[PDB]
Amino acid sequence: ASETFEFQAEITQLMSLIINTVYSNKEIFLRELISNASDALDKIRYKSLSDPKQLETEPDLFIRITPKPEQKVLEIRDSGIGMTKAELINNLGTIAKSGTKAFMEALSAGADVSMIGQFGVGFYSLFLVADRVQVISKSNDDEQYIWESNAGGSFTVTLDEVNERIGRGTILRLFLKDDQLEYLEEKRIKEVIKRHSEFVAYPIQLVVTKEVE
């Protein structure tokens, strides 16, 4: 089933920094994850200009937020390009990232966490509000895989026999911290999107569950 990999050292260090910070504007994590989703929709949409059959696995291009209050979990879905087993491994931890040290140096010098995205390491901002992540992803070029981290020194990557089938793309499964359940609520989610994600080319769907009156 399930392989384990080592985080490059500064990535550990940065995650540890973020997860431990008192910062007062953690809502930016959603700006980042939405903007990553958009970057991945862009990428597949562009790819299919020269290869239209790439869109076939999943014709609709969207971003979808799903609060799961009962599980203390928030999910950000996209029908973007997705990632293969080897891209999860390389790009999410094992290799040194061009901005990690520079950002941490900026941070300790006074910089706002908000700036994370400009150092190209804004995926790690999710730890502002979550102590476990699953990245579940299906690329047109591979089977569906689950990448998991708890901010420790290592992560796991497992063949997905367990979750619904993504036609194509990626789900970010955030297990929220108990002092961050504000991000489970419709009003809150809507506000953060309004404020920080006005200029997004793709529909952003919110999946909401109400008991029938």
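In case it trips you up, residue 1 is the first one in the sequence shown, and so on. Between two forms, the rigid core is the largest collection of C-alphas that superpose within 1.5 Å.
K.L.:
If the other structures are each fit on the rigid core, which stretch ends up farther away in C-alpha terms in 6 other deposited structures of this protein, 78 to 86 or 95 to 103?
P.N.:
When 78 to 86 and 95 to 103 are compared in 6 other deposited structures of this protein, 95 to 103 lies farther out.
K.L.:
On mean C-alpha B-factor from the PDB entry, just flag whether 49 to 57 or 165 to 173 is the higher one.
P.N.:
Per the PDB record, 49 to 57.
K.L.:
Averaging CA B factors per stretch from the PDB record, which one is higher: 131 to 139 or 93 to 101?
P.N.:
Stretch with the higher mean C-alpha B-factor: 93 to 101.
K.L.:
Please work out which residue in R64, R31, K68, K187 has the highest C-alpha B-factor recorded for this crystal structure.
P.N.:
The listed residue with the largest C-alpha B-factor is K187.
K.L.:
Check where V157 lands among this chain's C-alpha B-factors and tell me if it's the lowest, middle or highest third.
P.N.:
Middle third - that is where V157 ends up once the chain's C-alpha B-factors are sorted.
K.L.:
Split into thirds by Cα B-factor across the chain's modelled residues, where does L17 land: lowest, middle or highest?
P.N.:
As the PDB entry reports it, the C-alpha B-factor of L17 lands in the highest third of its chain.
K.L.:
Can you tell me which third, lowest, middle or highest, the CA B-factor of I44 falls into for its chain?
P.N.:
Middle third - that is where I44 ends up once the chain's C-alpha B-factors are sorted.
K.L.:
Would you mind ranking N150 by its C-alpha B-factor against the rest of the chain and naming the third, lowest, middle or highest?
P.N.:
Within its chain, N150 is a highest-third residue by C-alpha B-factor, going by the deposited values.
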